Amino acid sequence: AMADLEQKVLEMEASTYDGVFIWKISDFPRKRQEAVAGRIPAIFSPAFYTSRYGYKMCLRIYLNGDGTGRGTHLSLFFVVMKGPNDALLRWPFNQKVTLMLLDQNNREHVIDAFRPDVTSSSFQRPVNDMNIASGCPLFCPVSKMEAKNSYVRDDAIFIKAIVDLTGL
């Protein structure tokens, strides 16, 4: 429980309740390699919410790609998680989601956005701890970031997510 409690504190420390989340991934080179080697294919981010008692969500990233992006792109997905107040929320989840890889020189951020596929299993009320992740398989070419550029600085990158609150 001592370590279990530390995990709760860490999660609380990262949570946000306004639909905006900035995910800092440090030790980039090491994690990048664990992905290339297949030892650790993906990483889940801490959870964040649309409001104090809104939808619970997180992100999932494949530093060496998933599906159509395997081995060639950084794949980034959105995840709807089972939240404590799901019974009070409207389903399926239907908020626009914006995903970004921040340029640490504020020159040119990588950005993409999508509206949920209402008929998809990914956006129905969660029965399990998490629904299947959905998003961008070809979010960013491995050469784009990683290599040089200004996305990786001091061995860390920043991923940003913005969940539109229209209707909430």
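One-based numbering along the sequence shown. Each form is matched to the other, and the largest set of C-alpha atoms that superpose within 1.5 Å is called the rigid core.
- Stretch comparison, 140-148 versus 14-22: after rigid core superposition, larger RMS CA deviation in 4 other deposited structures of this protein is found for 140-148.
- If you average the C-alpha B-factors over 144-152 and over 20-28, the higher value belongs to 144-152.
- Higher mean CA temperature factor between 135-143 and 44-52: 135-143, per the PDB entry.
- Take 100, 118, 61, 57 and read off each C-alpha B-factor from the entry; 118 has the highest.
- Looking at the C-alpha B-factors along this chain, the one for residue 9 belongs to the highest third.
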